[PDB]
Each structure stands twice: as C-alpha cells, then as structure tokens.
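J.:
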Amino acid sequence: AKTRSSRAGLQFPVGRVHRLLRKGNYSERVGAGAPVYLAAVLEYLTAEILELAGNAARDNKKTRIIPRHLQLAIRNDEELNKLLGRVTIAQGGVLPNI
Amino acid sequence: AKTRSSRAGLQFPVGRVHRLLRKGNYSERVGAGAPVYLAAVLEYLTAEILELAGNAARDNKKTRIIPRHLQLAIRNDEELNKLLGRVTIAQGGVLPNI
Amino acid sequence: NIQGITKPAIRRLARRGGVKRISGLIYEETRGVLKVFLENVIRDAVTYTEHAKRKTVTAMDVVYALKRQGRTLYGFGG
Amino acid sequence: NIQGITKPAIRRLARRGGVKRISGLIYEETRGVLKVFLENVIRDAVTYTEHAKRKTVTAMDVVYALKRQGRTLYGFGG
Amino acid sequence: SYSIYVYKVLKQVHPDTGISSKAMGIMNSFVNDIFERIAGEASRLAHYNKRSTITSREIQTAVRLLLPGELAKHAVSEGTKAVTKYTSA
Amino acid sequence: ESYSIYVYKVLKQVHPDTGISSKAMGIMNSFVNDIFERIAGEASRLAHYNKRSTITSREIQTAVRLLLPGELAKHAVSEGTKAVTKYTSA
Amino acid sequence: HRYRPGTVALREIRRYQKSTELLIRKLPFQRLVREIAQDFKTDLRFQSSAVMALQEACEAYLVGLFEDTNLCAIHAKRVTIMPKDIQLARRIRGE
Amino acid sequence: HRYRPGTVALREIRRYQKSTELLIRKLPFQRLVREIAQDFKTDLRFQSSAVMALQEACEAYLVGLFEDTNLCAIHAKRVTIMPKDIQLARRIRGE
DNA sequence: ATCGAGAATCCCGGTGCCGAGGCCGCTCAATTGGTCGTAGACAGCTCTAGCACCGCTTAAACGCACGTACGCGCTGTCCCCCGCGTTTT
DNA sequence: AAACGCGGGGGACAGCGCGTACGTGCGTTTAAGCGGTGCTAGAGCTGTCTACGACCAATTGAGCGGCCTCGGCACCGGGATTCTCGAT
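Protein chains in written order, with the entry's author numbering: chain C, 14 to 111; chain G, 14 to 111; chain F, 25 to 102; chain B, 25 to 102; chain H, 36 to 124; chain D, 35 to 124; chain A, 39 to 133; chain E, 39 to 133.
#1: By the criterion of Cβ-Cβ separation under 8 Å, what are the contact partners of D:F70 in chain F?
#2: Identify the continuous beta strand (DSSP E) that holds B:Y98 and give its terminal residues.
#3: Any contact between the region 75 to 88 of chain H and the region 66 to 79 of chain F? By contact I mean 3 or more CB pairs, one from each, below 8 Å.
#4: Thinking C-alpha only, which one of A:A95, A:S87, A:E133 and A:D123 is nearest B:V81?
#5: Shorter than 9 Å from the beta carbon of B:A76 to some beta carbon of chain A?
#6: Look up G:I78 in the DSSP assignment and say whether it is helix, strand or coil.
#7: Helix, strand or coil for C:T101? Go by DSSP, reduced to three states.
#8: Could you give the DSSP three-state label for H:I54: helix, strand or coil?
#9: Along chain C, in chain order, which residues have C-beta atoms closer than 7 Å to that of D:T90?
#10: Return no unless some Cβ of chain G is closer than 9 Å to the Cβ of B:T96.
#11: Which whole-angstrom value describes the C-beta separation of G:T101 and A:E94, a residue pair presumed to lie in contact below a C-beta threshold of 8 Å?
#12: Quick check for students: name the residue ranges of the alpha helix (DSSP H) that lie wholly in the region 26 to 87 of chain B, counting only runs of 4 or more.
#13: Return the first residue and the last residue of the alpha helix (DSSP H) that G:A60 is part of.
#14: Could you give the first and the last residue of the continuous alpha helix (DSSP H) run that contains E:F78?
#15: How far does the alpha helix (DSSP H) with C:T16 in it reach, from first residue to last?
#16: In terms of residue numbering, what span does the alpha helix (DSSP H) encompassing E:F104 cover?
#17: To be precise: take each residue of the region 58 to 72 of chain B, compare its Cβ to all Cβ atoms of chain G, and keep it if any distance is under 9 Å. Which residues remain?
#18: Are any of the Cβ atoms in chain E nearer than 9 Å to that of C:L65?
#19: Taking all protein chains shown into account, decide if A:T45 is buried (16 or more other Cβ within 10 angstroms of its Cβ) or exposed.
#20: Is H:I61 close to chain B, meaning its C-beta is less than 9 Å from at least one C-beta of that chain?
#21: May I ask you to list, following chain order, the residues of the region 72 to 92 of chain C that have a beta carbon less than 9 Å from some beta carbon of chain E?
#22: With DSSP collapsed to three states, give me the class of G:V107.
#23: What's the gap between the Cα of G:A66 and the Cα of G:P48?
#24: I'd like to check one pair, E:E73 with F:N25: are the Cβ atoms closer than 9 Å?
#25: Using the beta-carbon of each residue, which ones in chain G are nearer than 7 Å to B:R40?
#26: Can you check which of these residues, G:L83, G:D72, G:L97 and G:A45, is closest to H:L102 by C-alpha distance?
#27: Confirm, please, whether the CB-CB distance from H:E76 to H:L100 is below 9 Å.
#28: Assuming D:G114 and C:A53 make a contact with CB atoms under 8 Å, what is their CB distance in whole Å?
#29: For D:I61 and C:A103, what's the separation of their Cα atoms in angstroms?
#30: Counting contacts by CB-CB distance shorter than 9 Å, is E:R72 in contact with chain A?
#31: Between B:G56 and chain H, is there a C-beta pair that is closer than 9 Å?
#32: Which residues in chain C have a C-beta closer than 7 Å to the C-beta of F:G48? List them in chain order.
#33: For chain A, check one thing: does any of its Cβ atoms lie closer than 9 Å to the Cβ of B:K31?
#34: So what does DSSP say about E:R63, is it helix, strand or coil?
#35: Given that E:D106 touches chain A, what residues does it touch there, using C-beta distances under 7 Å?
#36: So if I threshold CB-CB distances at 8 Å, which residues from the region 89 to 103 of chain E count as touching chain A?
Here is the structure:
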C-alpha cells in the first residue's frame with residue numbers, strides 16, 4: 014500500500030482531504046487531482062505560518078510556539094493579515110501600537 | 014395531477030424549489046416539507062416587499078413598480094434594510110438625507 | 025450583572041486599544057455596546073443549542089454563532 | 025483614462041452622498057480610491073472569465089466578483 | 036425565473052399595480068439570494084448535527100438565524116401553515 | 035480526527051528544534067479547517083456557475099487565485115501544480 | 039442676482055438624492071474599465087451589461103463612501119470633506 | 039514623587055499591548071452571560087469553554103472598537119475618547 | 001425675527017406621442033402520482049461526568065474620597081479657496 | 001467640461017474659563033482557589049418503521065414569442081414655492 018500523500022510528496026493527508034470533499038456536499042463528483050492540489054495548498058499555508066511563528070518564538074527566546082507567536086506572525090505580514098482579516102486568535106493579544 | 018404548490022396553498026413553485034434544493038449540493042437527502050416551508054417563506058418575503066413597493070409607487074402617483082420604489086420600501090424599513098444591508102439595488106438611488 | 029464590567033476593566037480594554045485618556049461617560053456607553061454584542065451572539069448560540077435538542081450551550085454553538093456574524097474565532101474547535 | 029472621471033462627476037457623486045463643501049485635493053483622492061475598487065472587482069471578474077475559457081467578461085462574472093467581495097448587486101441576473 | 040410567481044403575488048397584494056422589467060430583475064435576484072442564504076444555513080445545520088437530510092426543522096432554524104425580528108416571526112408562521120395544509124392535502 | 039500530526043510533521047521540517055503548545059495547535063487546526071472550507075466552497079460555486087458536476091484541480095487552482103492574496107496565491111499555485119505533477123508520475 | 043455659497047450646493051444635493059440616474063459619463067467609464075482589464079488579460083471583450091454592472095457598483099460604492107466621509111468631516115466640526123476624512127472612513131471600514 | 043497625568047496611562051498601554059491575558063474578571067462576566075441567555079431559554083447550562091469562547095470574542099471586539107474610537111478622537115484633534123467617537127466608529131463599521 | 005418686491009428653482013397639468021409589459025396562443029418538459037426498497041430518525045436505556053451548588057479561606061481588585069493638572073469648547077480673528085457665474089471649447 | 005473673476009462663509013489657529021478625569025491612598029467587598037457532592041443532561045447501543053428515495057408517464061402549468069393599447073416620457077402653460085435684497 015502506497016499512500017496518495019507519499020505519491021504527491023506531501024505530509025498532509027490526500028486520502029482524508031478526498032473524503033472530506035466527497036462528504037462535504039461541495040459537488041456530485043471529485044477529480045483525482047483535486048485532493049492532491051488542496052492538500053498541497055493547505056500544507057504550504059501551514060508551513061508559511063509555522064516558519065514565521067517559530068521565528069517569533071526564537072525572537073522571544075522561546076522553544077515552543079504559543080498563540081501569541083501565531084498572532085505576531087499573521088499581523089506582521091500584510092498578505093497573512095489580509096487572508097485572516099475577520100479572524101480572532103484566542104490568547105493572541107494585539108500588536109504594540111501607540 | 015395536483016401541484017404541491019396548490020396542496021400547500023402557495024403561488025411559489027414547491028416542485029421547482031425541491032429540485033433546486035436536491036441539485037444545489039446542500040445535503041444528501043431533502044425532506045418533503047422542506048421545499049413547502051422554503052417556498053412559503055420566499056412567498057411571504059416577496060409579498061412584504063411588493064406591498065411596500067406598491068405603496069411607494071402609489072405615493073409617487075405611479076401604477077408600475079420601478080427599482081426606485083423597491084429601494085424606498087427596503088431602506089425605509091429597519092428589518093428589510095438589515096436583511097438587505099450589503100445589497101445594492103441597481104437604479105435604486107438613495108434616501109433623501111441632509 | 026452589567027455593573028460587574030467595572031470601570032477598571034473597561035479602562036484595561038481601552039489601554040490594549042491604545043487609548044490614553046477616557047471620558048467619564050464612556051463606561052456606560054461601553055456597557056451598552058457590550059450588552060448588544062453579547063445578546064446577538066448568545067441569541068444565535070442558543071438557537072443552535074435548541075436545534076440540537078440540547079440543554080447545554082457548547083463552545084461549538086458559540087463558534088458557529090461568531091462565524092455567521094463575521095467574527096470567526098480560532099482556538100475553540102474551529 | 026482615469027482623468028475621464030471629471031471633477032463635476034465626482035462632485036455629483038458627493039452631492040448624492042449629501043456633501044455640501046469639497047476640498048480641491050478630494051478629486052485626486054477619489055480617483056485613486058475608485059481605481060483600487062475597480063482593479064479588485066475586474067481582477068476577480070476576469071478570473072471567472074478565464075475559468076469559463078471565455079474571451080468576453082459577462083455581467084454574471086461581474087455579479088459573482090461583487091458577491092464574493094461582499095458587495096452583492098441586484099438587477100443584473102443575480 | 037420567478038417572474039410568473041412574483042406577478043401572481045403582486046396581483047394579490049396590489050391588483051391594479053404592475054411592475055417594470057428592471058424591477059422584476061431585482062425581485063428575481065432577491066428570491067435567488069434569500070433561497071441561497073436559507074439553503075446554505077440549513078446545509079450547515081444538518082452537517083453540524085451529523086444529519087444527511089434537510090427537513091422543515093432545518094429551514095425553520097435557518098429562518099430564525101437569518102431573518103431579523105418580526106420578519107422571522109411571520110415567516111415561521113407562513114412556513115408552518117403551508118406544511119400543515121400540505122400534510123392534509 | 036484533527037490535523038495535529040500533519041502540522042507537527044510540517045513544523046519539524048521548517049523548525050526541527052521548535053515545539054508547539056496545545057492552544058497553538060488548536061489555532062492551527064481551526065486555520066486548516068477554515069481555509070479548507072473557503073477553497074472547497076469557492077470551487078463548489080465555480081463548478082455550479084459553469085454547469086459542471088466535478089470539482090477538479092482546475093477549480094481548486096481558480097479558487098486559490100480568488101481567495102489567497104498576492105504572492106500567497108503565486109506560491110500556493112506552484113505547490114499545488116508540483117504535487118499534482120509528482121502524483122500523476124507516482 | 040447671486041446665490042450665496044452653499045445655496046446651489048444644497049439644491050444639487052436635493053436634485054441628485056431624488057434621482058437614480060448614473061452620474062459618471064458612460065464612454066469615459068467604459069475606457070477606464072477596458073484600460074484596467076488590459077493588465078489582467080489582453081484582447082478582452084465586454085458584454086454591454088458587464089460595463090453597466092461595474093458602473094452601478096462603483097457609483098454605489100463611491101456615494102456610500104462620500105456619506106461616511108461627510109460624517110467624519112462633521113465630527114471634526116467641518117462642513118468641508120478633505121482627504122483625511124476619506125482616509126479615516128476607509129480605515130474604520132477595514133478597506 | 040508624582041507622575042504627570044499621561045505617564046502611567048502610557049505605561050499601562052505598553053503593559054496591556056504586550057500581554058494576551060483576559061482583562062474582564064471571569065466570574066462577573068459568567069454571571070452577565072447567564073443573565074443574558076435567560077431571556078432566550080430558561081434552565082440553560084453552559085460548557086466552561088463556551089463562556090471562555092464568549093469572553094475571548096467580546097474582549098477582542100471591544101479592543102478593536104476602542105482602536106477605531108481612538109482614531110475618531112484624534113481626528114477631532116482630541117486625545118480623550120468620548121461617546122460621540124464610539125458612535126461614529128460603530129456607524130461607519132455598519133453596526 | 002418679520003415683511004415685502006424681484007427674480008428664479010421646482011411641481012402641477014393639459015396635450016401629444018410612443019414603447020413595452022399584459023393577455024393570448026403555442027410548445028415541450030417536468031411535477032405529481034404510484035409503488036416498492038431501504039435507511040436513518042425515534043425511543044428508550046444505560047452510563048457517566050461536568051459543572052451548579054455549597055462551604056470555607058484568602059488576598060487582590062473595586063469605590064470613594066480627594067488633589068490637581070490638563071484638554072474642551074467656545075470666541076474671536078486671519079487668510080484664503082471652492083463656488084457661482086460667465087465665456088469658450 | 002474647462003478656465004478665469006470676485007468673494008465671503010469657512011477652516012485653522014491663539015486665549016482662556018473650567019469642568020473633569022488622571023494619580024494616589026484607605027477600607028470593602030468580592031472574586032479566585034480549593035475541596036466535595038448530585039444529578040440531570042450528554043454520549044453510546046440497539047430495535048423499526050416511518051419517511052426518505054428511484055423510475056417513470058403524462059398532461060398541465062409554465063416559458064417563448066406576439067400584438068397591442070395604456071401608462072410613461074415629453075413640451076409648453078402657468079402656479080405657487082424659495083431664495084436675495086432693503087427696512088420695522
């Protein structure tokens with residue numbers, strides 16, 4: 014057995030994403046490439062946020078990412094801030110701004 | 014043949030509403046009462062707007078409803094204005110307000 | 025119970041918002057605004073609870089209510 | 025082509041908005057704001073056109089673009 | 036389109052009042068928009084409760100969540116009356 | 035079910051010595067679920083608008099262009115295209 | 039006879055708030071739409087209704103913005119709208 | 039020693055903009071939530087996380103509103119926020 | 001603040017003309033019975049477990065009182081800029 | 001629609017009387033913490049049967065034209081409603 018994730022070189026689950034598309038009342042049929050494409054996009058976005066959040070953790074002399082670090086990474090990036098404009102990060106706080 | 018609309022005492026099409034629910038990727042199955050309920054709600058909302066728009070037409074000495082009359086009816090009613098807050102009526106104009 | 029939102033608490037919220045000076049009439053105004061916001065969210069959350077035939081408002085009910093009012097919250101199961 | 029949005033046109037839009045007095049720097053500011061708005065809507069409308077493999081932007085493409093930017097338009101097929 | 040049904044309803048509330056094609060287009064857009072909002076909320080409710088069927092209960096709850104104040108109260112009355120009449124044919 | 039295992043795998047690739055709190059993991063899970071819904075919902079609309087019954091990689095790509103801002107879209111499209119190409123060659 | 043500054047301005051408000059016609063000239067607006075679209079895709083055609091839909095939305099958006107800009111000016115004890123008023127309105131709106 | 043009006047206020051801004059903790063006392067907030075919910079349904083129970091979710095959203099909403107209210111005050115050449123600033127912010131936001 | 005002349009908007013109106021939705025005819029497609037198959041929504045039913053309650057302790061924050069410095073809202077004055085109109089594209 | 005001639009409400013800035021809210025300290029609640037219990041409501045399990053769907057024929061409501069006659073657009077009358085400019 015070879016997972017579709019390993020065939021696509023991804024860490025995100027293609028098989029699970031396929032099932033969620035099929036049972037999510039999105040369309041009658043789902044192409045074979047759609048879950049692969051979606052999984053890769055989700056993985057890319059997670060990597061971007063985690064990389065920026067880990068940098069914020071290191072700047073705070075921390076070795077574990079907390080909601081504060083995620084909020085810092087998202088609000089300090091114009092594109093991530095736009096994507097998550099109407100989103101509230103619990104225990105994220107605000108940017109120091111006077 | 015007796016239409017489901019006539020069985021429900023409605024002018025709106027229950028059969029068409031049922032098909033639109035079944036082919037709209039909303040759920041796997043649709044109950045028999047769901048289209049009847051939805052059709053009645055759509056009919057009630059249309060009646061409300063049309064009644065208020067016809068009154069606005071009569072106040073403007075007009076015998077035909079135009080987009081202006083619809084805009085007047087919606088913006089002069091707090092509840093209809095809230096429901097259609099993020100909606101633009103083409104050729105509706107604005108409320109006289111200085 | 026609305027008086028439990030004390031002046032010091034409202035001041036702290038304003039400080040996080042970057043406010044330096046506050047008028048004395050702001051506290052009552054803020055209490056009114058918070059009441060309206062809470063009523064709107066709780067109303068929808070209770071609607072979800074009643075639809076689930078539950079007697080307990082869940083965090084999910086609140087998350088759904090916030091999502092539909094355009095105030096998506098991350099951290100509570102969605 | 026942005027200069028085609030003349031000062032009298034901008035004044036008319038302001039009059040419908042209930043504006044009585046207008047500064048001379050408003051005309052250039054308005055032109056910039058309109059350009060940003062148009063770019064955003066046209067970008068999405070063209071994306072819909074390309075997805076349909078069409079060479080003609082339809083009213084539906086515009087309606088869909090407005091709908092997804094939270095500016096639903098009634099009167100043009102949805 | 037819903038043009039025929041909008042006209043039928045107009046003749047009931049205003050027998051001597053007509054409607055322009057532009058105004059008819061607005062009404063068609065309105066019905067389609069509200070349909071989508073209600074059906075989409077009903078779809079979410081069913082999924083949230085792990086149900087595969089959208090029933091009159093899901094529609095009623097969606098109406099309460101979307102329609103403001105007395106609009107919801109009267110819409111629920113209309114929907115309930117219609118279902119009752121339909122079940123007794 | 036949750037995306038916790040996959041978020042951790044990706045974290046260890048971008049930051050091998052960095053861990054994550056349970057609260058931060060919950061934020062990441064909410065984020066993935068939210069973006070999934072946005073993309074799938076837009077792809078669903080695109081298919082319906084074009085009278086199609088199948089959501090394919092083309093619908094996903096178009097949804098990504100409509101939702102992700104600026105270079106986020108550019109890089110996400112590259113990642114998705116690379117993954118589909120690798121998958122089709124197994 | 040000379041009307042005092044403000045009298046004709048208020049008369050224009052009354053006239054345009056009563057009318058529903060488009061206030062931007064159609065041909066110049068069409069040229070702007072085509073010029074903007076050229077940067078996204080070349081050789082693009084446009085349905086007549088597509089340009090009309092764009093014009094209706096843009097005018098509605100600008101009228102709505104001018105309403106909020108006016109409130110900002112009045113808030114600063116002014117009767118004249120300035121760029122700072124447009125900027126504040128857009129910032130608060132999230133734009 | 040007496041700090042001049044404004045010095046301790048700015049120190050508090052720096053402290054609360056650096057922290058992420060909830061600023062409303064939990065027990066009073068819980069009482070308000072239960073009192074408001076009573077008008078919608080009687081004998082309502084609440085998951086502990088449900089009350090926490092409500093508190094996080096309310097605090098975020100009020101902090102965001104105070105940010106826009108501050109901009110309105112500065113726009114009127116004031117450093118003090120007043121009810122008229124809250125009213126303008128909400129009106130422009132569509133609330 | 002009130003009262004008239006002098007011009008100068010719009011609003012009402014009788015007259016005329018023309019465009020377009022409304023009743024009508026035709027067509028085709030789909031809504032509604034109809035019967036049968038099946039699948040999940042109800043109804044217990046049973047377990048458990050998660051916060052209402054209480055009780056007590058504790059200590060940290062909320063009110064209040066006061067002192068006192070500081071922005072607020074006129075108030076007035078300078079200068080200066082969009083407007084109204086006119087004339088020409 | 002664009003450019004030129006005045007021009008006076010209008011915006012912007014200096015003064016200042018004063019409420020008014022920030023800073024600080026003492027006493028009082030009252031919220032946080034900890035511990036223990038209850039039971040009523042959420043979650044898992046099993047039978048079933050009612051309400052869902054599947055295929056399909058039709059004939060009738062509903063959509064595509066189609067002609068047209070009435071209400072909307074227009075045009076000069078003229079009417080009374082608004083705004084400017086002297087005086088009580």
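We put the beta carbon where it would ideally sit given N, CA and C, even for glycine.
T.: Let's see:
#1: Listed along chain F is no residue with a C-beta nearer than 8 Å to that of D:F70; the closest approach is about 11 Å.
#2: Per DSSP, B:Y98 belongs to the beta strand (DSSP E) from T96 to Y98.
#3: Short answer: they touch.
#4: Proximity to B:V81 across A:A95, A:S87, A:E133 and A:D123 peaks at A:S87, based on C-alpha coordinates.
#5: No Cβ of chain A is located within less than 9 Å of the beta carbon of B:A76.
#6: Judged by DSSP in its simplified three-state form, G:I78 adopts strand.
#7: If DSSP states are grouped into helix, strand and coil, C:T101 belongs with the strands.
#8: Correct three-state label for H:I54: strand.
#9: The contacting residues are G44, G46 and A47.
#10: Taking a beta-carbon distance threshold of 9 Å, B:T96 counts as an interface residue toward chain G.
#11: Separation of the CB atoms of G:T101 and A:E94 is rounded to 7 Å, and the pair is thereby assigned contact status at 8 Å.
#12: The region 26 to 87 of chain B contains these whole alpha helix (DSSP H) runs: 31 to 40 and 50 to 75.
#13: In the DSSP assignment, G:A60 falls within the unbroken alpha helix (DSSP H) covering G46 to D72.
#14: No alpha helix (DSSP H) holds E:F78; DSSP gives it neither H nor E.
#15: Run containing C:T16: none; DSSP gives neither H nor E here.
#16: Counting along the chain, the unbroken alpha helix (DSSP H) around E:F104 starts and ends at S86 to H113.
#17: Residues of the region 58 to 72 of chain B with a C-beta atom less than 9 Å from some C-beta of chain G do not occur.
#18: It does not; no Cβ of chain E falls within 9 Å.
#19: Exposed, because fewer than 16 other Cβ atoms sit within 10 Å of the Cβ of A:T45.
#20: When Cβ-Cβ separations below 9 Å define contact, H:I61 makes contact with chain B.
#21: Residues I79, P80, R81 and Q84.
#22: Residue state, collapsed to three classes: coil.
#23: C-alpha separation (whole angstroms): 27 Å.
#24: Cβ atoms of F:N25 and E:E73: closer than 9 Å.
#25: Ordered by position in chain G, the residues that pass the 7 Å Cβ test against B:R40 are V107.
#26: Out of G:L83, G:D72, G:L97 and G:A45, G:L97 has the C-alpha closest to the C-alpha of H:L102.
#27: A contact, by the Cβ cut-off of 9 Å.
#28: 5 Å between Cβ atoms; contact.
#29: For D:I61 and C:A103, the distance between alpha carbons rounds to 8 Å.
#30: Among the CB atoms of chain A, none fall inside 9 Å of the CB of E:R72.
#31: Output row for B:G56: interface = no.
#32: Scanning chain C for C-beta atoms nearer than 7 Å to the C-beta of F:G48 yields nothing, as the closest lies near 23 Å away.
#33: Closer than 9 Å: no.
#34: For E:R63, the secondary structure class from DSSP, reduced to helix, strand or coil, is coil.
#35: Chain A residues near E:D106: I130.
#36: Within the region 89 to 103 of chain E, no residue qualifies.
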